[PDB]
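Two versions of one and the same chain are coming, encoded as structure tokens; call them structure 1 and structure 2.
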Structure 1
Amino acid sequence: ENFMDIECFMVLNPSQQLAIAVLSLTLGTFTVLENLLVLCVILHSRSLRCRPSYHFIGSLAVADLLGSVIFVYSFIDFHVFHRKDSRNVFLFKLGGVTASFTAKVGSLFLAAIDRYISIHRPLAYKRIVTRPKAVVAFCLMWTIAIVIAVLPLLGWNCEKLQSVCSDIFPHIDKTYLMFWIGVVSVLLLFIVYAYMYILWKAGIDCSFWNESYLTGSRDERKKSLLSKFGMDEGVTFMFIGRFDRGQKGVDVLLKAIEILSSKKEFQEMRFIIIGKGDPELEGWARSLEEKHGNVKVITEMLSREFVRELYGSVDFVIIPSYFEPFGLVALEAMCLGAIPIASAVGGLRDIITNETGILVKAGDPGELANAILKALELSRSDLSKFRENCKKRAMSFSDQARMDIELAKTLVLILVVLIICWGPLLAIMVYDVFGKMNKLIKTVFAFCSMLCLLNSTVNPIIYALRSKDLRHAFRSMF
């Protein structure tokens, strides 16, 4: 009839009852100090609360605090004092613990959604996931957890309905318990599914543009590709993109090809052009394809692995676009070792340096011609230094993605620790819902109910072990 029933399991002699009391007190105090440490290092750091991706850390710690302090409070009113709790105090205590667990699950929910938006929609992440939106969503989750916790205090106790209610929880009705555990279990299984999908899909896509999936060597693959196109060996150039006027300078490339067709070095310059669009530019490309034997034009839709094979086979890639907001084509080319000769516009300005490719003016067939003959002259010597420099430059643009994967791994670790800690306890409530029990099941309920405080203990250890930024912030105080 009282919260904190320690008088059960009379095996505890007074020689060890004080030991149990002092270990529970020290564990509760340790959890409280760890949680306040996590909050104060979060709030004294500008770089941690300004990132929404870390926000749930604070939320998680706050939820664990609701499991810590309440426990300590509940441990004082029965040993240090002997105040018998009424219905209101028992309802408040049980509501606080249930609110702590539900807020933990909801924080994992919002963290999973943020991870999906960050990893698999990286262009939309910095505009969708804002700080006010994340704060509002966390507040809404906390308030709905608080409301569903405090529902029995508003008149959903079992003496009001005049019906049968639970035995391990006096003044708690059966229907409220099964509804709460159903909601929490459904949300937990959804989060397991979501994190599994996020980590699975990002594994097969983050590392796709790399030569580790390409067999053979450079010159052998180039010779096989050029024989596949019915050409001899030579300095190869590539273009892939949309066939339109205004976005990508395919017409600039065609004018440059026409200009180089009148020169004496066109026999050492093979060209591949991939794309589709307006019929006039397609017709011009096809006319240059039939006029010269060393220019190949592909119109049909291609597979991603075919483009990966093409990037690591050709020597140079031309990106003469007018408006390039992202330059993903440059990243995919440079990751596979293909020296770019691109236009210095948009996102192409700050990705190619003076030692990682050649830069031209936008919409300049003459400057493109000069750069392509300069690249032809440069290709006479060795080129492996430029290939390794481009690989080092382009692999340095995926560092944020790898840290996002590491954060998602940390979140999966936190989720499975929470699952391990709260599994058997919610299983005891499940078996309470379906069938009665004896005193042994209540005993193991009381024994494994300390796993909640153990979860609150081990969460800041995971936070300090995994996060480098949090570790550096903690090392900044001393």
Structure 2
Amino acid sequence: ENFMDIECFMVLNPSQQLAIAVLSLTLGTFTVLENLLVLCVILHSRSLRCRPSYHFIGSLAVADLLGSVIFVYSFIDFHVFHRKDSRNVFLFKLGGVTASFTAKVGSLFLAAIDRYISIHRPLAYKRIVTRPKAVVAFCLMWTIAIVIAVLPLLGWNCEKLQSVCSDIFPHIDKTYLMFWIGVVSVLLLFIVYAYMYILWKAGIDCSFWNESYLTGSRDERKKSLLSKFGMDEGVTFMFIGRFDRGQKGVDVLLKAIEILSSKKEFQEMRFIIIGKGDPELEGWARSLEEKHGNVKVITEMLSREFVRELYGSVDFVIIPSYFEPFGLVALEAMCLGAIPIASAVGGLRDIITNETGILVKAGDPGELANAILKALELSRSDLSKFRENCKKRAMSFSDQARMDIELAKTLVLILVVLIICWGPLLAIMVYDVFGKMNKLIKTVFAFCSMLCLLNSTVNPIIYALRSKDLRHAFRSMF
């Protein structure tokens, strides 16, 4: 009938009320001051507030406030001021606590959705989620948490229904408690599954284009690949893409091969062309394959691993693209130590610098011819420096994904500490709604009910341990 009455649940030795009270005061004030510190840091910094991906932290901090103040005020409303609690204020406090927990769960939900978008769909993260979509989503999350918190005040209490009534908390019924615990539990299960799937899929997909998956040296790999195609050892060139006119300049490559066919150095060259598309270009490539004995054309669909090996074996990769927005082929080539010879247009203009690879103008077979000749000239010397520089640059463009994975790991840590802190309490609520309700379980509930405040204590501690940008903003504040 009274909120936060320790003597109701367990008999406490009268020698340590002062110690319990002062510990509760220190913990509550520490939580409140550190949460306001987190809000001040996250709001006074332009860099963090302009990033939607960190928004959840603020939301969590707000939730960390909502469960904290309602704690300490309820200590003031009972101990130092001996006023009793009516039905309305008790339901208000219970709604505040439940709103804090539901807001934490929903913030983790929006954070998981954002993590999936940012990690596994990187080409859409910039343009799907922005300021208005994220702020609207967080607003609806907070409002739905608020309304499920407020539902018992509208007439879903134990008094009005006159039904079977809960024992662990008065003035509420079993049906509302079951509904709230069910939606929270199914949400948390979905979060666990989603974060496990995100961390599993991104583990193999991100670290896939590394040279650690290839066995043997580059020279013997190239020799084995060329012997598989029935060709002699030489400087190898690779093209992989789409057989069409306008998107990828494969016709430019074929014209360049025809131009080099008139020279004496063509017999040293080896050419591999992989693609599928217009039958005219396919027939043209087949005619060049039948004419010269150092040109191989592959049309059937290739697996990912096979193409990984091909990048690992060839010496140069030709990308004569007319319009290449993202330059993914260059990134995959340089991740596996292949020098790219690409047209200076689109992303290929700024992925490849003048030192890493060779850049030509778009649509000129002559410039491509001179570039291939210069590549063969450079192949006389050692190309290990080019390989290492291309690998370094390609790994440099992948730095965003690793930070996204680190943020996902921080979110997983937040979720698991939430689960650890709210496990026994949720299980005790399950035991209350389903089955009997004895005094020992009441004492266990009273003991583990401090884990919510401990959870609110430890949530902003790990932000400093994980978020470097939050530390930078805090240092800039001082």
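Numbering for residues begins at 1 and runs along the sequence of structure 1. Shifts are known only where both forms have a C-alpha. Take the two forms, find the largest set of C-alpha atoms that superpose within 1.5 Å, and that set is the rigid core.
For the residues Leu454, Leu12, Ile462, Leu25, superposed on the rigid core between structure 1 and structure 2, a C-alpha shift of 2 angstroms or more shows up only at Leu12. Fit the two forms on the rigid core and the C-alpha of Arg49 turns out 1.1 Å off between structure 1 and structure 2. In the core-superposed comparison between structure 1 and structure 2, the CA atom of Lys436 travels 2.0 Å. 7-15 is the only run of at least 3 consecutive shared residues whose C-alphas each shift by 2 Å or more between structure 1 and structure 2 once the core is superposed.
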